[PDB]
Amino acid sequence: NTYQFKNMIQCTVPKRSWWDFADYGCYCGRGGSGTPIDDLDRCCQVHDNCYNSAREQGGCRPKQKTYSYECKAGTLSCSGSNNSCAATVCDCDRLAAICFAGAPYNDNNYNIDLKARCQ
Amino acid sequence: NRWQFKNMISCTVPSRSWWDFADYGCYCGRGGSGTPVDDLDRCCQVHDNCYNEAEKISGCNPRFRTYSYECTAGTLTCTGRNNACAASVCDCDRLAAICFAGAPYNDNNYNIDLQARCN
Ligand SMILES: [Ca+2]
Ligand SMILES: [Ca+2]
């Protein structure tokens, strides 16, 4: 669920507020289309695509599905308890949190004018 | 489907781009939280709530479900040939596009500081 994805980001990126990601690029929050502005925004595009695959599993609502995971040392693990929807959504979240940590963050790409930059 | 929602917004508010409603206030655009900043933002809050209720229908994905509707001279009508998901989503979209057409659009409420204004 969204609370868990926030905690995962707090985990791989302890240096930033989750809000730093919630309105980044064309894909991290609003918009959800156009050309990814940089690698971090591409992380978000992939996450969106991952959730879209997850939602095919009926009843599977990635933002609301609670899964089982652990954050240790900075290393996310999805547990083996998870049902199909949980396992899939946890993996999406995990992969995005790792991706966020590895991508450069550009302040110029926070709260961008989506209309101007995401066509 | 999202493209149809954009087309409904163009049906009722052809003076504007759908992008104008893609990140407005705390609620217009993906996600939403905090206190609605104005009437237009209240429309978006009710549209997210409506989508929330439509998502209770099994397999119902508002952003992807293609429905049947008509835009006739600025009037929107959801047609009879919609299954439950389509009918619900169509109605959400129709009611929001009408609500948007009645609300004043304030440029200082476009692409706001979400962290500062929406908790
Ligand atoms: Ca924004
Ligand atoms: Ca919204």
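Residue numbers start from 1 in every chain, and the chains themselves are labelled A, B, ... in the order their sequence lines are given, proteins ahead of strands. Every heavy atom of this structure was used, including side-chain atoms; hydrogens, water molecules and symmetry mates were not.
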Verify the distance criterion only: is there a donor paired with an acceptor across the side chains of B:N111 and A:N111 at less than 3.5 Å?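 Indeed, the side chains of B:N111 and A:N111 share at least one donor-acceptor pair under 3.5 Å.
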Do [X] and [Y] share a hydrophobic cluster, counting only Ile, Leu, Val, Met, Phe, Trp and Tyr and linking them when any side-chain heavy atoms are less than 4.5 Å apart?
{"X": "B:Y27", "Y": "B:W18", "answer": "no"}
{"X": "A:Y24", "Y": "A:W18", "answer": "yes"}
{"X": "A:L40", "Y": "A:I112", "answer": "no"}
{"X": "B:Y105", "Y": "B:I9", "answer": "yes"}
{"X": "B:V37", "Y": "B:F100", "answer": "no"}

If we ignore hydrogens and angles and just use 3.5 Å, is the side chain of A:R55 paired with the main-chain N or O of B:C60 as donor and acceptor?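 No, the answer is negative, given that no donor and acceptor are paired below the 3.5 Å cut-off.
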Donor-acceptor pair, distance only, cut-off 3.5 Å: does the side chain of A:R30 make one with the backbone of B:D23?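 Answer holds: no.
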Would you mind checking which part of [X] comes under 4.5 Å of any heavy atom in chain B, side chain (CB onward), backbone (N, CA, C, O), both or neither?
{"X": "A:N52", "result": "side chain"}
{"X": "A:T2", "result": "neither"}
{"X": "A:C60", "result": "neither"}

Are B:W19 and A:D113 side-chain neighbours, meaning at least one heavy-atom pair lies under 4.5 Å?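 No - every pair of side-chain heavy atoms lies 4.5 Å or more apart.
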To the nearest 0.5 Å, tell me how far [X] [atom1] sits from [Y] [atom2].
{"X": "B:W3", "Y": "A:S33", "atom1": "CH2", "atom2": "OG", "value": "11.5 Å"}
{"X": "A:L114", "Y": "B:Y110", "atom1": "CG", "atom2": "OH", "value": "5.5 Å"}
{"X": "B:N61", "Y": "A:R61", "atom1": "CG", "atom2": "CZ", "value": "9.5 Å"}

Chain A contact via [X] - side chain, backbone, both or neither, heavy atoms under 4.5 Å:
{"X": "B:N119", "result": "side chain"}
{"X": "B:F21", "result": "neither"}
{"X": "B:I112", "result": "backbone"}

Taking every non-hydrogen pair under 4.5 Å, which of A:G29, A:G59, A:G58, A:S17 racks up the most with chain B?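 So the answer, after comparing A:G29, A:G59, A:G58, A:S17, is A:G29.
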